[PDB]
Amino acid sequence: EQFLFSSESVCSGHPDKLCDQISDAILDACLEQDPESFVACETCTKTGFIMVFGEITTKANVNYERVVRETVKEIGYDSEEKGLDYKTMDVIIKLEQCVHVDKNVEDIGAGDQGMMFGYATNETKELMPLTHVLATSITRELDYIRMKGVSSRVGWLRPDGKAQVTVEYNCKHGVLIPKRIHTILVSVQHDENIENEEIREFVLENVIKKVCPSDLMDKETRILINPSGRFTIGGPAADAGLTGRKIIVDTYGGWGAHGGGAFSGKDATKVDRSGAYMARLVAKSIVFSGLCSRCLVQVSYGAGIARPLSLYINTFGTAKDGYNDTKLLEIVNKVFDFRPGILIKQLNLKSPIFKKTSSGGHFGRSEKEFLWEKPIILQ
């Protein structure tokens, strides 16, 4: 019994991801002056404009307009023909800003309700689904060549684009075993003076073949590169963008599950972010410890309440002999603490580490500053 499954990723210049990055550049700018900052910073864009809007409580003195322009510049949007120009766009800033019983860190309530999921799988060394890894690898490599490669070689790349990878799998006892890459689709924005025939050679040789393992590719793997035609018109001029519109690219590529909350623009008291990060660490620690091959974790909160309203663990029948999901929950409850004050301290989430998370996926990441990717040995 084989099956096909697909995941996607988008380039840092995709309009939705541009907004996630601005939202998190603003978060980081606040935190670097004031670690205690509250930030709910939303970003939206379309032809010729960016708006940042929401609520910030901070002691930082941040020039938001300048943070927005510098972010857009770093991404490569420096001409209206590319879909946006950091020099010329309009930047609209619409950011705004009782006795309580004294509370220790253990006592601090979640700031909202909602649920968050974490996921891990031993398919890859990142403990992520192969589909998501490959799609993400493609967009991340495109972005790195564009933003770091020599103009004579890659000066024709523009910021927008996407990738979608279909893997053919076998499943043996709930364990997922990739069999081959079935389809690789890449959309990449480009200057008018290069044609698609050239683009296809370049992407195949310098991106696809560099990040996809050759033992998973064969003469039947379908490679689709700008199949519909040329892609010169892109970015905000071609498609509106908004923060929190790429939540599946930011997480598991369709595997696992999602509670619905976006990550970018939100400080660590937003359990939508912090809870998902903790739930990743749990799932990843369970798989890394060899107690299962795949793991889904759900946590749920209520506004004002410190302890989660519920916790759930599923290992899809892959639990090691002598363990089940009942016992693993008991182990999780001995080791991990999902009360938000505790989790934020454990994961160092008042540090200005978030801009790097806002493209490339929040999970499966090697960066030393992401503590939710450094698994605990459990038994």
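Position 1 is the first residue in the sequence shown; the rest follow in order.
Counting the deposited residues that fall between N104 and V105 and carry no coordinates gives zero. Between the stretches 147-155 and 114-122, it is 147-155 that shows the larger average CA temperature factor. In this entry, the higher average B-factor at the C-alpha atoms falls on 232-240, of the pair 255-263 and 232-240. Comparing the listed residues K284, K270, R245, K219, the entry records the largest Cα B-factor for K219.
The PDB entry gives the largest Cα B-factor of the residues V133, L95, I181, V249 to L95. Split the chain's modelled residues into thirds by C-alpha temperature factor. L204 is in the highest one. Per the PDB record, residue ranking by Cα B-factor puts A163 in the lowest third of the chain. Among the modelled residues of the chain, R294 sits in the middle third by CA temperature factor in this PDB entry. In the PDB entry, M128 places in the lowest third of its chain by CA B-factor. When the modelled residues of the chain are ordered by their C-alpha B factor, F354 lands in the lowest third.
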